[PDB]
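To start, the structure under review is shown below, and the notes come after it.
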Amino acid sequence: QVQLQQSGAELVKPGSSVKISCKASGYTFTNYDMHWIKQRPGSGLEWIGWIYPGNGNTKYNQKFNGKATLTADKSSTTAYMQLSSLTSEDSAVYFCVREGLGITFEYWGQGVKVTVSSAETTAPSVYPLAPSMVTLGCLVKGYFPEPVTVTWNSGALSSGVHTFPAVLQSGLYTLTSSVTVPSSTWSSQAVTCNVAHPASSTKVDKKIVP
Amino acid sequence: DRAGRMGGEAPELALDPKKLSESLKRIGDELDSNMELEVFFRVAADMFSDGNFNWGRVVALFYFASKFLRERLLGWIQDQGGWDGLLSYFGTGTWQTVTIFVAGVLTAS
Amino acid sequence: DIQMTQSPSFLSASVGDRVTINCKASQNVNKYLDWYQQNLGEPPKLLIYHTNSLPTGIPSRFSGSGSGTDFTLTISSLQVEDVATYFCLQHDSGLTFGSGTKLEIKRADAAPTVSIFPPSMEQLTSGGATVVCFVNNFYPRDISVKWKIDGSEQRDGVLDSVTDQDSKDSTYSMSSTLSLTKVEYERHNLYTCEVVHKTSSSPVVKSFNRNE
């Protein structure tokens, strides 16, 4: 099995730089060109450039000349991409990908999500959403960074749950989650949304009361 | 130069729709497919020291180079009718025969 | 650079359908055109390379053809696990990806359940107010959600989010939030979530009065 394992800082302030690594294993590293790919909404998938580890030769997409620097170390069988002078437009997922022999982009790294922002680490405020089937929810407002995790009754409720993708409200994230239960259940039994934010050691319980 | 080909030889450059340059990497692909196949000039000056040059040994040096023409080989080349000899060398010979011979030259160095 | 025009952008189909996706290059790229499949949270997966070659482990229901300027990816008989986004890639001169085709499963129409929620007491004491509307388990995807305050439409402070197609019932759900200051919220009476969807001839309307 060929494996490409990436690592890199995921939250950076505008104007600083970031180094993404791509550790290759399971093949002879210096026999294959390694390419780098950017993915973000609106802009789509874009080719950044390639490096050949056999000699350190590189080739860059014009649009990324200067923004990206590609290097390879044969000894650690790892390729690197440095991105400098970050702005918000550089928030994206970045992939390393191996070009095969007689075949193209067969093996990919898992991708590294890079978020460029000035926002400070911020725990969310959690608010109950209360009105023969009953919909309830809770609102997870003003947090940073991604992600949070939501459960209903620690997981005892799952089949009628919808957790929605967060939206960026100023520089903070906001997310909602809903659950649907019988009206009989609503009046006789408790429903609680459990909210956890790892990047702030936060864990909240909000019982939904009429 | 590189290992792959995606993006083309000269990306974003206009090309027209010298043939030696293509056949060179063809023989290189064949040699690559024979897998068992400061020590540079030690092996390189070993490949040409007996003064019995042949086109196979030229090819075998690049499989140390892509992997002097004046001060040693140039007289032999012009006595060969120029590079009309090397392309004719790939001609009056098997793809496999040429490849096996050049591998031999590398095996003995 | 060479421009890739991929179409359609959105494709609905059923298990067992033959599906085709088209890609057009702004100049001849020879055979050097690939197709990739991508699921959420994953890198793309190579499906077809060099116009029509199958990588190892890719089921034979995938095939491709092309002329050098016009290309197609065909799925002979769609399977559940083929629901994803598909991209073409030219690599003859530079590298250019198409903009993508999202492939969804078709199902019978499903009218959304719409629910509106006033801001909570816990939020109002902070000086802010967010009204919330859920629009859950609908199909097809095309839908419009608008907020009205005392009869008049509100665009500022409105953010909405949509789930991907649910594996359980092939439906979509959407959440919309309207944010206001507590003071501005308390100047109004009627708050309305209004939903335009194929399953009803007039828009669906859920409301509450701030009095109650």
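We name chains A, B, ... following the order of the structure tokens; residues begin at 1 in each chain, and ligands are numbered from 1 as shown.
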
Quick one: everything within 10 Å of residue 87 in chain B, counting only C-alpha atoms, minus sequence neighbours fewer than 4 positions away in the same chain. Send it as a PDB file with N, CA and C atoms, in the first residue's frame.
ATOM      1  N   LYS B  19      14.535  14.088 -33.560  1.00  0.00           N
ATOM      2  CA  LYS B  19      13.782  12.899 -33.167  1.00  0.00           C
ATOM      3  C   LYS B  19      14.580  12.009 -32.222  1.00  0.00           C
ATOM      4  N   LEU B  20      15.896  12.222 -32.140  1.00  0.00           N
ATOM      5  CA  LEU B  20      16.723  11.461 -31.212  1.00  0.00           C
ATOM      6  C   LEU B  20      16.267  11.659 -29.773  1.00  0.00           C
ATOM      7  N   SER B  23      13.565   9.106 -28.921  1.00  0.00           N
ATOM      8  CA  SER B  23      14.042   7.730 -28.865  1.00  0.00           C
ATOM      9  C   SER B  23      14.989   7.510 -27.690  1.00  0.00           C
ATOM     10  N   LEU B  24      15.670   8.565 -27.236  1.00  0.00           N
ATOM     11  CA  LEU B  24      16.544   8.437 -26.074  1.00  0.00           C
ATOM     12  C   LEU B  24      15.761   7.996 -24.845  1.00  0.00           C
ATOM     13  N   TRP B  55      28.239   3.260 -30.423  1.00  0.00           N
ATOM     14  CA  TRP B  55      27.091   4.090 -30.061  1.00  0.00           C
ATOM     15  C   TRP B  55      26.404   3.579 -28.800  1.00  0.00           C
ATOM     16  N   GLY B  82      28.434  11.934 -38.438  1.00  0.00           N
ATOM     17  CA  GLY B  82      27.556  12.683 -37.564  1.00  0.00           C
ATOM     18  C   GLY B  82      26.554  11.779 -36.867  1.00  0.00           C
ATOM     19  N   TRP B  83      25.526  12.410 -36.293  1.00  0.00           N
ATOM     20  CA  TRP B  83      24.494  11.663 -35.582  1.00  0.00           C
ATOM     21  C   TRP B  83      23.634  10.814 -36.502  1.00  0.00           C
ATOM     22  N   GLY B  91      18.406   1.937 -35.807  1.00  0.00           N
ATOM     23  CA  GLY B  91      17.776   1.359 -36.978  1.00  0.00           C
ATOM     24  C   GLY B  91      18.159  -0.082 -37.249  1.00  0.00           C
ATOM     25  N   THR B  92      19.375  -0.311 -37.747  1.00  0.00           N
ATOM     26  CA  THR B  92      19.826  -1.671 -38.029  1.00  0.00           C
ATOM     27  C   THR B  92      20.114  -2.423 -36.737  1.00  0.00           C
TER      28      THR B  92
END

Could you write out, as a ChimeraX atom specification, all the residues of range 2-199 of chain C that DSSP marks as helix (DSSP H, G or I)? /C:80-82,121-124,182-185

Dump of N, CA, C and O atoms for the selected residues, as a CSV table (one decimal), in the first residue's frame:
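This went into again_32.csv:
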chain,number,residue,atom,x,y,z
C,80,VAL,N,-25.6,3.0,-5.6
C,80,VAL,CA,-25.7,4.0,-4.4
C,80,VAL,C,-24.4,4.6,-4.1
C,80,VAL,O,-24.3,5.8,-3.9
C,81,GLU,N,-23.3,3.9,-4.1
C,81,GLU,CA,-22.0,4.4,-3.8
C,81,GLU,C,-21.4,5.4,-4.8
C,81,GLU,O,-20.4,6.0,-4.6
C,82,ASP,N,-22.1,5.5,-6.0
C,82,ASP,CA,-21.7,6.4,-7.0
C,82,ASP,C,-22.2,7.8,-6.8
C,82,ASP,O,-21.7,8.7,-7.5
C,121,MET,N,-35.0,33.3,25.8
C,121,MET,CA,-34.7,34.2,26.9
C,121,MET,C,-33.2,34.3,27.1
C,121,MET,O,-32.7,35.4,27.3
C,122,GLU,N,-32.6,33.1,27.1
C,122,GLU,CA,-31.1,33.1,27.3
C,122,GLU,C,-30.4,34.0,26.3
C,122,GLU,O,-29.4,34.6,26.6
C,123,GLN,N,-30.9,34.1,25.1
C,123,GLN,CA,-30.2,35.0,24.1
C,123,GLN,C,-30.6,36.4,24.3
C,123,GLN,O,-29.8,37.3,24.2
C,124,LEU,N,-31.9,36.7,24.6
C,124,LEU,CA,-32.4,38.1,24.6
C,124,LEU,C,-31.7,38.9,25.7
C,124,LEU,O,-31.4,40.1,25.5
C,182,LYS,N,-31.7,42.9,20.1
C,182,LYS,CA,-32.9,42.7,20.9
C,182,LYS,C,-33.9,43.9,20.7
C,182,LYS,O,-35.1,43.8,20.6
C,183,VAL,N,-33.3,45.1,20.6
C,183,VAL,CA,-34.2,46.3,20.5
C,183,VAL,C,-34.9,46.3,19.2
C,183,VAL,O,-36.1,46.5,19.1
C,184,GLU,N,-34.3,45.9,18.1
C,184,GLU,CA,-35.0,45.9,16.8
C,184,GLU,C,-36.0,44.8,16.8
C,184,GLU,O,-37.1,44.9,16.3
C,185,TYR,N,-35.6,43.6,17.4
C,185,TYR,CA,-36.6,42.5,17.5
C,185,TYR,C,-37.8,43.0,18.2
C,185,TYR,O,-39.0,42.6,17.8

Set out as JSON lines a contact list for chain C and chain B with a cut-off of 9 Å, giving each residue of chain C that qualifies its closest atom pair and distance in Å to one decimal, counting only C-alpha atoms, ordered by chain and rising residue number.
{"residue": "C:1", "atom": "CA", "partner": "B:12", "partner_atom": "CA", "distance": 6.0}
{"residue": "C:2", "atom": "CA", "partner": "B:12", "partner_atom": "CA", "distance": 8.1}
{"residue": "C:32", "atom": "CA", "partner": "B:6", "partner_atom": "CA", "distance": 8.1}
{"residue": "C:90", "atom": "CA", "partner": "B:7", "partner_atom": "CA", "distance": 8.2}
{"residue": "C:91", "atom": "CA", "partner": "B:7", "partner_atom": "CA", "distance": 4.6}
{"residue": "C:92", "atom": "CA", "partner": "B:7", "partner_atom": "CA", "distance": 5.2}
{"residue": "C:93", "atom": "CA", "partner": "B:7", "partner_atom": "CA", "distance": 4.5}
{"residue": "C:94", "atom": "CA", "partner": "B:7", "partner_atom": "CA", "distance": 4.0}
{"residue": "C:95", "atom": "CA", "partner": "B:7", "partner_atom": "CA", "distance": 5.5}

For those residues, write N, CA, C and O atoms to a file as a PDB file, in the first residue's frame.
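Result saved to out.pdb:
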ATOM      1  N   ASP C   1      -4.115  29.408 -19.876  1.00  0.00           N
ATOM      2  CA  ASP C   1      -4.276  27.982 -19.629  1.00  0.00           C
ATOM      3  C   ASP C   1      -5.509  27.439 -20.340  1.00  0.00           C
ATOM      4  O   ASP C   1      -6.398  28.194 -20.728  1.00  0.00           O
ATOM      5  N   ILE C   2      -5.565  26.121 -20.498  1.00  0.00           N
ATOM      6  CA  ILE C   2      -6.671  25.483 -21.203  1.00  0.00           C
ATOM      7  C   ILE C   2      -7.901  25.473 -20.304  1.00  0.00           C
ATOM      8  O   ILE C   2      -7.816  25.135 -19.117  1.00  0.00           O
ATOM      9  N   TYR C  32      -5.164  13.076 -22.979  1.00  0.00           N
ATOM     10  CA  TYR C  32      -4.707  13.346 -21.605  1.00  0.00           C
ATOM     11  C   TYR C  32      -5.801  14.047 -20.803  1.00  0.00           C
ATOM     12  O   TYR C  32      -5.733  15.231 -20.464  1.00  0.00           O
ATOM     13  N   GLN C  90      -7.748  17.949 -17.403  1.00  0.00           N
ATOM     14  CA  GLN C  90      -6.829  17.838 -18.537  1.00  0.00           C
ATOM     15  C   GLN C  90      -5.398  18.022 -18.048  1.00  0.00           C
ATOM     16  O   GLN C  90      -5.122  18.863 -17.187  1.00  0.00           O
ATOM     17  N   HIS C  91      -4.484  17.231 -18.609  1.00  0.00           N
ATOM     18  CA  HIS C  91      -3.078  17.352 -18.241  1.00  0.00           C
ATOM     19  C   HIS C  91      -2.169  17.264 -19.460  1.00  0.00           C
ATOM     20  O   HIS C  91      -1.025  16.807 -19.357  1.00  0.00           O
ATOM     21  N   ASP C  92      -2.659  17.708 -20.623  1.00  0.00           N
ATOM     22  CA  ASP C  92      -1.805  17.790 -21.810  1.00  0.00           C
ATOM     23  C   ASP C  92      -0.840  18.985 -21.745  1.00  0.00           C
ATOM     24  O   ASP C  92       0.341  18.869 -22.109  1.00  0.00           O
ATOM     25  N   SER C  93      -1.320  20.145 -21.297  1.00  0.00           N
ATOM     26  CA  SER C  93      -0.492  21.343 -21.216  1.00  0.00           C
ATOM     27  C   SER C  93      -0.905  22.095 -19.963  1.00  0.00           C
ATOM     28  O   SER C  93      -2.007  22.647 -19.916  1.00  0.00           O
ATOM     29  N   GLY C  94      -0.032  22.128 -18.956  1.00  0.00           N
ATOM     30  CA  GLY C  94      -0.538  22.547 -17.655  1.00  0.00           C
ATOM     31  C   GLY C  94      -1.568  21.527 -17.163  1.00  0.00           C
ATOM     32  O   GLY C  94      -1.750  20.451 -17.752  1.00  0.00           O
ATOM     33  N   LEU C  95      -2.233  21.869 -16.054  1.00  0.00           N
ATOM     34  CA  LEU C  95      -3.317  21.041 -15.523  1.00  0.00           C
ATOM     35  C   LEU C  95      -4.518  21.900 -15.167  1.00  0.00           C
ATOM     36  O   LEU C  95      -4.394  22.866 -14.410  1.00  0.00           O
TER      37      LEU C  95
END

Can you check which residues of chain A have any atom within 10 Å of chain C? Use only C-alpha atoms and format it as a PyMOL selection string. chain A and resi 39+42-49+59-62+93-97+102-111+125-131+133-139+141+159+161-169+174-178+180

As a PDB file with N, CA and C atoms, in the first residue's frame, could you give me every residue of chain B near chain A (at most 7 Å apart, counting only C-alpha atoms)?
ATOM      1  N   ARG B   2      12.474  15.107 -15.072  1.00  0.00           N
ATOM      2  CA  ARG B   2      11.425  14.743 -14.131  1.00  0.00           C
ATOM      3  C   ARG B   2      11.101  13.271 -14.335  1.00  0.00           C
ATOM      4  N   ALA B   3      10.264  12.729 -13.447  1.00  0.00           N
ATOM      5  CA  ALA B   3       9.827  11.346 -13.574  1.00  0.00           C
ATOM      6  C   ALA B   3       8.578  11.191 -14.438  1.00  0.00           C
ATOM      7  N   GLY B   4       7.622  12.116 -14.346  1.00  0.00           N
ATOM      8  CA  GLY B   4       6.323  11.980 -14.986  1.00  0.00           C
ATOM      9  C   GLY B   4       6.193  12.798 -16.259  1.00  0.00           C
TER      10      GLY B   4
END

If we count only C-alpha atoms and set the cut-off at 12 Å, which residues sit around residue 107 in chain C, ignoring sequence neighbours fewer than 2 positions away in its own chain? Please answer as a short mmCIF file (atom, residue, chain, number, x, y, z; two decimals) with N, CA and C atoms, in the first residue's frame.
data_model
loop_
_atom_site.label_atom_id
_atom_site.label_comp_id
_atom_site.auth_asym_id
_atom_site.auth_seq_id
_atom_site.Cartn_x
_atom_site.Cartn_y
_atom_site.Cartn_z
N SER C 12 -29.48 14.36 -11.51
CA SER C 12 -30.34 13.49 -10.71
C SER C 12 -30.56 12.19 -11.47
N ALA C 13 -30.46 11.07 -10.77
CA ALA C 13 -30.58 9.78 -11.42
C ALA C 13 -30.93 8.73 -10.37
N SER C 14 -31.36 7.58 -10.84
CA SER C 14 -31.76 6.49 -9.97
C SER C 14 -30.79 5.34 -10.09
N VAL C 15 -30.77 4.50 -9.05
CA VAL C 15 -30.04 3.24 -9.11
C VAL C 15 -30.45 2.51 -10.37
N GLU C 104 -26.84 13.40 -7.59
CA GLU C 104 -27.75 13.06 -6.50
C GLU C 104 -28.65 11.90 -6.92
N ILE C 105 -29.27 11.25 -5.92
CA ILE C 105 -30.27 10.22 -6.16
C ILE C 105 -31.64 10.87 -6.28
N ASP C 109 -41.26 13.07 -4.67
CA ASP C 109 -41.32 14.38 -4.03
C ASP C 109 -41.59 14.26 -2.53
N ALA C 110 -41.04 15.20 -1.76
CA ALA C 110 -41.24 15.21 -0.32
C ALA C 110 -41.37 16.66 0.10
N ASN C 137 -36.26 17.54 5.47
CA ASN C 137 -36.69 16.37 4.70
C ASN C 137 -37.53 16.76 3.49
N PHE C 138 -36.91 17.54 2.60
CA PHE C 138 -37.58 17.88 1.35
C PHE C 138 -36.83 17.32 0.15
N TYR C 139 -37.58 17.12 -0.93
CA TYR C 139 -37.04 16.71 -2.22
C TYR C 139 -38.05 17.16 -3.29
N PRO C 140 -37.59 17.74 -4.40
CA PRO C 140 -36.19 17.91 -4.83
C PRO C 140 -35.47 19.07 -4.18
N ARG C 141 -34.24 19.28 -4.65
CA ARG C 141 -33.30 20.19 -4.00
C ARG C 141 -33.72 21.65 -4.13
N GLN C 165 -27.48 15.39 0.76
CA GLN C 165 -28.58 14.44 0.63
C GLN C 165 -28.45 13.32 1.66
N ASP C 166 -29.47 13.16 2.48
CA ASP C 166 -29.46 12.18 3.56
C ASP C 166 -29.44 10.76 3.00
N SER C 167 -28.53 9.93 3.51
CA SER C 167 -28.49 8.54 3.08
C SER C 167 -29.76 7.79 3.46
N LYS C 168 -30.41 8.19 4.55
CA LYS C 168 -31.55 7.44 5.06
C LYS C 168 -32.77 7.57 4.14
N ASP C 169 -33.10 8.79 3.71
CA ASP C 169 -34.30 8.98 2.91
C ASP C 169 -34.05 9.80 1.64
N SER C 170 -32.80 10.08 1.28
CA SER C 170 -32.45 10.83 0.07
C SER C 170 -33.05 12.24 0.05
N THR C 171 -33.31 12.84 1.21
CA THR C 171 -33.88 14.17 1.25
C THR C 171 -32.82 15.18 1.68
N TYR C 172 -33.17 16.45 1.55
CA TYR C 172 -32.38 17.57 2.01
C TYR C 172 -33.06 18.23 3.20
#

Determine which residues of range 86-143 of chain C receive a DSSP assignment of strand (DSSP E), computed from the backbone, and state them as a PyMOL selection string. chain C and resi 86-90+96-97+101-105+113-117+128-138

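The spacing separating CA of residue 74 in chain C from CA of residue 106 in chain C amounts to 17.8 Å.
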
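The coordinates place CA of residue 26 in chain C at 28.6 Å from CA of residue 1 in chain B.
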
Write out as number ranges by chain which residues come within 10 Å of range 94-100 of chain B when counting only C-alpha atoms, dropping same-chain ones fewer than 6 positions away. B: 26-31, 34, 55-56, 59-60

May I have the residues within 7 Å of range 9-23 of chain A as number ranges by chain, using only C-alpha atoms and disregarding those fewer than 3 positions away in the same chain? A: 4-6, 77-88, 96, 113-118

How many Å separate CA of residue 27 in chain C from CA of residue 16 in chain B?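 So the answer is 13.9 Å.
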